[PDB]
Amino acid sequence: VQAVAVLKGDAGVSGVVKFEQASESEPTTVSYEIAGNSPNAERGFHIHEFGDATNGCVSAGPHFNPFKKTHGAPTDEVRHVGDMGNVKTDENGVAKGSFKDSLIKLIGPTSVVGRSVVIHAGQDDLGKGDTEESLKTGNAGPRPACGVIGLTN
């Protein structure tokens, strides 16, 4: 199965994130190219629960977390399914890369098809900060762009 989200917003950031998962047990490969960010920085990149764009990136809701865990890094055992950590931007403000993840899936009961991807304006502290906020969003700040994840071929 393949899916894609086109990230848009009014803050100058935009980009495309592609997902591919051959079958249920295979991990999903996530590839992204996002431009217009601050340069040489780290920015929070998450999958949020709803694919509702009626109110900017606000209506995407909180991070996708069917197992009711606290926020963390992609490699922590305790994390939200939606937590993809930070993406690093180059000197031109572009973040480009790909990685594989075993919790995010396009098939089955926790599929993220129909949900949203959000790129934040701040760095995700990976749930290592000292507020209740760190344990919810990573204190990643505003949401300059987001897009609903749709099926593609």
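All residue numbers are counted from 1 along the displayed sequence.
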Taking only the CA atoms, which stretch has the higher mean B-factor in the record, 66-74 or 110-118?
66-74
Of 37-45 and 23-31, the one with larger mean CA B-factor
23-31
Taking the entry's C-alpha B-factors for this chain, is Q123 in the lowest, middle or highest third?
middle
Which third, lowest, middle or highest, does the C-alpha temperature factor of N86 belong to within its own chain?
highest
Looking at the entry's B-factor column for C-alpha atoms only, identify whether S98 ranks in the lowest, middle or highest third of its chain.
highest
Could you look up the Cα B-factor of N92 in the entry and say which third of the chain it sits in: lowest, middle or highest?
highest
